[PDB]
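Containing CSV, C-alpha atoms (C1' of nucleotides): upload-v4.csv.
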```
chain,number,residue,atom,x,y,z
A,28,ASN,CA,0.0,0.0,0.0
A,29,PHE,CA,1.1,3.6,-0.6
A,30,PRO,CA,2.7,5.3,2.4
A,31,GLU,CA,0.8,8.5,3.1
A,32,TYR,CA,0.8,11.1,5.9
A,33,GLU,CA,-1.8,10.1,8.5
A,34,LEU,CA,-0.7,13.0,10.6
A,35,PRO,CA,0.4,16.1,8.6
A,36,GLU,CA,4.1,15.7,9.1
A,37,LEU,CA,4.6,13.2,12.0
A,38,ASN,CA,3.3,9.8,10.9
A,39,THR,CA,2.1,7.7,8.0
A,40,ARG,CA,-0.7,5.3,7.7
A,41,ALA,CA,-0.3,1.6,8.4
A,42,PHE,CA,1.2,0.0,5.2
A,43,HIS,CA,2.6,-3.4,4.4
A,44,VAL,CA,6.3,-3.2,3.9
A,45,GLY,CA,6.4,-6.1,1.4
A,46,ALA,CA,3.8,-4.5,-0.7
A,47,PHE,CA,5.7,-1.2,-0.7
A,48,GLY,CA,8.9,-2.8,-1.7
A,49,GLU,CA,7.1,-4.6,-4.5
A,50,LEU,CA,5.5,-1.4,-5.8
A,51,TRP,CA,9.0,0.2,-5.9
A,52,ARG,CA,10.7,-2.7,-7.6
A,53,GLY,CA,7.8,-2.8,-10.0
A,54,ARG,CA,8.1,0.8,-11.0
A,55,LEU,CA,11.9,0.4,-11.4
A,56,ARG,CA,11.6,-3.1,-13.0
A,57,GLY,CA,14.3,-3.4,-15.6
A,58,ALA,CA,15.0,0.3,-15.9
A,59,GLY,CA,18.6,0.0,-14.7
A,60,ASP,CA,18.1,2.1,-11.6
A,61,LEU,CA,18.8,-0.7,-9.1
A,62,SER,CA,22.3,-1.9,-10.0
A,63,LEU,CA,24.4,-2.2,-6.9
A,64,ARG,CA,27.4,-2.1,-9.2
A,65,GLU,CA,30.3,0.2,-9.0
A,66,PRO,CA,30.3,3.2,-11.3
A,67,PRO,CA,32.4,2.3,-14.4
A,76,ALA,CA,35.3,7.1,-27.0
A,77,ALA,CA,33.6,3.9,-28.1
A,78,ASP,CA,31.2,4.2,-25.2
A,79,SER,CA,30.2,7.7,-26.4
A,80,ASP,CA,28.5,6.3,-29.5
A,81,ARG,CA,26.6,3.7,-27.5
A,82,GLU,CA,25.5,6.4,-25.0
A,83,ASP,CA,24.3,8.6,-27.8
A,84,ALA,CA,22.4,5.8,-29.4
A,85,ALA,CA,20.8,5.1,-26.1
A,86,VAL,CA,19.8,8.7,-25.6
A,87,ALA,CA,18.4,8.8,-29.2
A,88,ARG,CA,16.4,5.7,-28.4
A,89,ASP,CA,15.0,7.0,-25.1
A,90,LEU,CA,14.3,10.6,-26.1
A,91,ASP,CA,13.2,10.0,-29.8
A,92,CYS,CA,16.0,12.2,-31.2
A,93,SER,CA,18.8,11.9,-33.7
A,94,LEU,CA,22.3,10.7,-33.1
A,95,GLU,CA,23.4,14.2,-33.8
A,96,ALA,CA,20.9,15.6,-31.4
A,97,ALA,CA,22.0,13.1,-28.8
A,98,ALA,CA,25.6,14.1,-29.2
A,99,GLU,CA,24.6,17.7,-28.9
A,100,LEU,CA,22.7,17.0,-25.7
A,101,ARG,CA,25.7,15.1,-24.4
A,102,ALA,CA,28.0,18.1,-25.2
A,103,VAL,CA,25.9,20.9,-23.8
A,104,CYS,CA,24.7,19.3,-20.6
A,105,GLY,CA,28.2,18.4,-19.4
A,106,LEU,CA,29.2,19.0,-15.8
A,107,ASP,CA,29.2,22.8,-15.4
A,119,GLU,CA,37.8,22.5,-3.1
A,120,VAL,CA,39.1,26.1,-3.0
A,121,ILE,CA,38.5,27.6,0.4
A,122,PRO,CA,38.5,31.2,-0.9
A,123,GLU,CA,35.0,32.5,-1.6
A,124,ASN,CA,34.1,35.9,-3.0
A,125,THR,CA,31.2,37.6,-4.8
A,126,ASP,CA,29.0,36.0,-2.3
A,127,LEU,CA,25.3,34.8,-2.2
A,128,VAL,CA,23.1,35.1,0.8
A,129,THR,CA,23.9,31.8,2.4
A,130,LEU,CA,27.5,32.0,1.2
A,131,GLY,CA,27.7,35.4,2.9
A,132,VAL,CA,26.3,33.9,6.1
A,133,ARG,CA,28.9,31.1,6.0
A,134,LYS,CA,31.7,33.6,5.4
A,135,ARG,CA,30.6,35.6,8.4
A,136,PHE,CA,30.3,32.5,10.6
A,137,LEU,CA,33.7,31.4,9.5
A,138,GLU,CA,35.3,34.7,10.2
A,139,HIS,CA,33.6,35.0,13.7
A,140,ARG,CA,34.8,31.4,14.5
A,141,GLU,CA,38.3,32.4,13.3
A,142,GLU,CA,38.4,35.1,16.0
A,143,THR,CA,36.6,33.3,18.8
A,144,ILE,CA,38.3,29.9,18.5
A,145,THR,CA,42.0,29.0,19.0
A,146,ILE,CA,42.3,25.4,17.8
A,147,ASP,CA,39.4,24.9,15.3
A,148,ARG,CA,39.2,21.2,14.9
A,149,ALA,CA,36.2,18.8,14.9
A,150,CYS,CA,34.9,18.2,18.4
A,151,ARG,CA,34.8,14.7,19.7
A,152,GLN,CA,31.1,14.4,19.3
A,153,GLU,CA,31.2,15.6,15.6
A,154,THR,CA,33.9,13.0,14.7
A,155,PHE,CA,32.0,10.4,16.7
A,156,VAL,CA,28.6,11.0,15.0
A,157,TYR,CA,30.4,11.1,11.6
A,158,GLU,CA,32.5,8.0,12.1
A,159,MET,CA,29.5,6.1,13.3
A,160,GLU,CA,27.3,7.2,10.4
A,161,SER,CA,30.0,6.6,7.7
A,162,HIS,CA,31.4,3.6,9.4
A,163,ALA,CA,30.3,1.2,6.7
A,164,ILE,CA,29.6,2.8,3.4
A,165,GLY,CA,30.5,1.0,0.2
A,166,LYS,CA,32.0,-1.8,2.3
A,167,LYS,CA,32.0,-4.7,-0.2
A,168,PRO,CA,31.0,-8.2,1.0
A,169,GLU,CA,34.0,-10.4,1.4
A,170,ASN,CA,32.1,-13.5,0.2
A,171,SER,CA,29.8,-12.1,-2.6
A,172,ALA,CA,27.4,-14.8,-1.3
A,173,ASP,CA,26.2,-12.4,1.4
A,174,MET,CA,25.7,-9.7,-1.3
A,175,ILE,CA,22.3,-8.2,-0.9
A,176,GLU,CA,19.8,-8.5,-3.8
A,177,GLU,CA,19.0,-5.5,-5.9
A,178,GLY,CA,16.1,-3.9,-3.9
A,179,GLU,CA,16.2,-4.9,-0.3
A,180,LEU,CA,14.3,-2.1,1.5
A,181,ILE,CA,16.6,-1.0,4.2
A,182,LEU,CA,14.6,0.3,7.2
A,183,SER,CA,16.2,3.0,9.3
A,184,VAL,CA,14.8,2.1,12.7
A,185,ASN,CA,16.0,4.0,15.8
A,186,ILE,CA,15.7,2.4,19.2
A,187,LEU,CA,15.2,4.9,22.0
A,188,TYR,CA,17.7,4.3,24.8
A,189,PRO,CA,16.0,3.5,28.2
A,190,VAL,CA,15.9,6.3,30.8
A,191,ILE,CA,19.5,5.7,32.1
A,192,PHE,CA,20.1,9.3,33.3
A,193,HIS,CA,17.4,11.4,34.7
A,194,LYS,CA,17.6,14.0,31.8
A,195,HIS,CA,16.9,11.2,29.3
A,196,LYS,CA,13.2,11.8,29.9
A,197,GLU,CA,13.4,15.3,28.4
A,198,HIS,CA,15.5,14.6,25.3
A,199,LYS,CA,15.1,11.0,24.5
A,200,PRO,CA,18.4,9.6,23.2
A,201,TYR,CA,18.2,7.0,20.5
A,202,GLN,CA,20.5,4.7,18.5
A,203,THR,CA,19.5,4.2,14.9
A,204,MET,CA,20.0,0.9,13.1
A,205,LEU,CA,19.8,0.2,9.3
A,206,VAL,CA,17.8,-3.0,9.5
B,1,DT,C1',-28.5,101.7,120.6
B,2,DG,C1',-26.8,98.3,118.9
B,3,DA,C1',-27.9,92.9,118.7
B,4,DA,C1',-29.7,89.1,116.8
B,5,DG,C1',-31.9,88.1,113.3
B,6,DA,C1',-35.0,90.2,108.7
B,7,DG,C1',-35.0,91.1,104.1
B,8,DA,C1',-32.8,91.5,99.5
B,9,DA,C1',-30.3,90.9,95.3
B,10,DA,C1',-26.5,88.5,93.2
B,11,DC,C1',-24.0,83.7,92.0
B,12,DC,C1',-23.8,78.4,91.3
B,13,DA,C1',-24.2,73.5,90.9
B,14,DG,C1',-27.4,69.8,90.2
B,15,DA,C1',-31.6,66.9,89.5
B,16,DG,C1',-35.0,65.9,86.8
B,17,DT,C1',-35.7,66.7,81.8
B,18,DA,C1',-34.6,66.0,77.2
B,19,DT,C1',-32.9,63.9,73.6
B,20,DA,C1',-30.0,60.5,71.2
B,21,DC,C1',-28.5,56.9,69.6
B,22,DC,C1',-28.2,51.8,69.8
B,23,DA,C1',-29.2,47.6,70.1
B,24,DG,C1',-33.1,43.8,70.3
B,25,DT,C1',-35.5,40.7,68.1
B,26,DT,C1',-40.5,37.7,64.2
B,27,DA,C1',-41.4,36.7,60.0
B,28,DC,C1',-40.5,35.6,55.5
B,29,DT,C1',-38.2,34.5,52.2
B,30,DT,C1',-34.3,31.7,49.4
B,31,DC,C1',-31.6,27.6,48.9
B,32,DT,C1',-30.0,23.5,49.4
B,33,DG,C1',-30.1,17.5,46.8
B,34,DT,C1',-31.5,14.5,42.9
B,35,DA,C1',-32.9,13.6,38.6
B,36,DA,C1',-32.5,14.4,33.4
B,37,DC,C1',-31.4,15.8,28.6
B,38,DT,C1',-29.5,19.7,26.4
B,39,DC,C1',-25.0,23.3,24.9
B,40,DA,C1',-21.8,26.5,25.7
B,41,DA,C1',-18.7,28.8,28.9
B,42,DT,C1',-15.3,28.2,32.3
B,43,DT,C1',-12.2,26.0,35.3
B,44,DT,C1',-9.1,22.5,36.7
B,45,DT,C1',-5.6,19.3,36.2
B,46,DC,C1',-2.4,16.9,34.1
B,47,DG,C1',1.2,14.7,31.2
B,48,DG,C1',4.6,16.5,28.7
B,49,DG,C1',7.3,19.8,26.7
B,50,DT,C1',10.3,24.1,26.6
B,51,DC,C1',13.7,27.2,27.2
B,52,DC,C1',17.7,28.5,29.8
B,53,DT,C1',21.5,28.8,32.7
B,54,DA,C1',25.0,26.1,34.5
B,55,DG,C1',28.1,22.4,35.0
B,56,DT,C1',30.2,17.9,32.9
B,57,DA,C1',32.6,14.5,30.3
B,58,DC,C1',36.1,13.7,27.1
B,59,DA,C1',39.2,13.6,23.5
B,60,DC,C1',42.7,16.5,22.2
B,61,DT,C1',46.2,20.4,22.5
B,62,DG,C1',49.8,22.8,24.2
B,63,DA,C1',53.4,23.5,26.6
B,64,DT,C1',56.6,22.0,30.5
B,65,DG,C1',60.0,20.2,33.1
B,66,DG,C1',63.2,17.0,34.7
```
Give the structure from this file in structure tokens form.
Amino acid sequence: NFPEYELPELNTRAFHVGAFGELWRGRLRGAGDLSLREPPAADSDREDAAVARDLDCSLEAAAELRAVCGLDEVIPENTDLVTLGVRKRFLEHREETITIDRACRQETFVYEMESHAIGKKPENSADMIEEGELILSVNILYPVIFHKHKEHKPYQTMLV
DNA sequence: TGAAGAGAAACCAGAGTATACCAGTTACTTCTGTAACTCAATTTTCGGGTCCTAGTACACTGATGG
């Protein structure tokens, strides 16, 4: 069944997870969007033929699209935008209020827990997961260990 | 021919007299409870947040000294 907001922005209606995964794998069935492969002049011609086949255009038009839509750090930042200006001001104020300016232990902790296993390939390739496996991001609320854990409920999230 | 009282025109306090409040009580009403459905207004209460100031842990930094 379709997941839809039961509450405006807090909660969905009860829906079967298997049905939802099947809807998704049905709408992406054999479209090449669920690959789980790593990202890889002769290929240019095949790509242009594919674009001509999928967009009903000419090989010349496909090559033109491939050329024009091409992709289009350095800490210096000038000629700012709104949020870029806010970031510049924040950076300058931090440069004068802080003396060591390195990632706090909680920042590195949250990051190194989040990005602990990303792109980690299976050693066996027999425990490789199938294309389309519906990872659920549960988060289990810690019990009330400290008294203040009633106010702001700490949780640990698991990618089931 | 004064003497011991006789009369006479003043003050002066006080005892009824006059007020002056100041309670002292008889009917004669409302207002309870319970019941009920109704609806809106208002209160209470109640679990949980909410913000805020103040420490606190903890990994790292930055010398420091022997």
Q: Give me, as a ChimeraX atom specification, the contact residues of chain B against chain A at a cut-off of 9 Å, counting only C-alpha atoms (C1' of nucleotides).
A: /B:48-49,58-61
Using C-alpha atoms (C1' of nucleotides), can you export the residues from the last selection as a compact mmCIF listing (two decimals), in the coordinates of the input?
```txt
# COMPACT_ATOMS: atom_id res chain seq x y z
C1' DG B 48 4.60 16.50 28.70
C1' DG B 49 7.30 19.80 26.70
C1' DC B 58 36.10 13.70 27.10
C1' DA B 59 39.20 13.60 23.50
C1' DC B 60 42.70 16.50 22.20
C1' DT B 61 46.20 20.40 22.50
```
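Note that atom CA of residue 177 of chain A and atom CA of residue 87 of chain A are 27.3 Å apart.
The two atoms in question, atom CA of residue 100 of chain A and atom CA of residue 67 of chain A, are spaced 20.9 Å apart.
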Write out as a PDB file with C-alpha atoms, in the coordinates of the input which residues come within 12 Å of residue 185 of chain A when counting only C-alpha atoms (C1' of nucleotides), dropping same-chain ones fewer than 3 positions away.
```
ATOM      1  CA  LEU A 182      14.600   0.300   7.200  1.00  0.00           C
ATOM      2  CA  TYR A 188      17.700   4.300  24.800  1.00  0.00           C
ATOM      3  CA  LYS A 199      15.100  11.000  24.500  1.00  0.00           C
ATOM      4  CA  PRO A 200      18.400   9.600  23.200  1.00  0.00           C
ATOM      5  CA  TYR A 201      18.200   7.000  20.500  1.00  0.00           C
ATOM      6  CA  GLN A 202      20.500   4.700  18.500  1.00  0.00           C
ATOM      7  CA  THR A 203      19.500   4.200  14.900  1.00  0.00           C
ATOM      8  CA  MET A 204      20.000   0.900  13.100  1.00  0.00           C
ATOM      9  CA  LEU A 205      19.800   0.200   9.300  1.00  0.00           C
ATOM     10  CA  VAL A 206      17.800  -3.000   9.500  1.00  0.00           C
TER      11      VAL A 206
END
```
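From atom CA of residue 180 of chain A back to atom CA of residue 160 of chain A, the distance works out to 18.3 Å.
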(Q) Just want the 12 Å neighbourhood of residue 135 of chain A, counted on all atoms listed in the file, with same-chain residues fewer than 6 positions away dropped. Output as a PyMOL selection string. (A) chain A and resi 123-124+126-129+141-142
Q.
List the spatial neighbours of residue 46 of chain A as a count of residues only - criterion: any atom at most 10 Å away, all atoms listed in the file, same-chain residues fewer than 4 positions off excluded.
A. 6
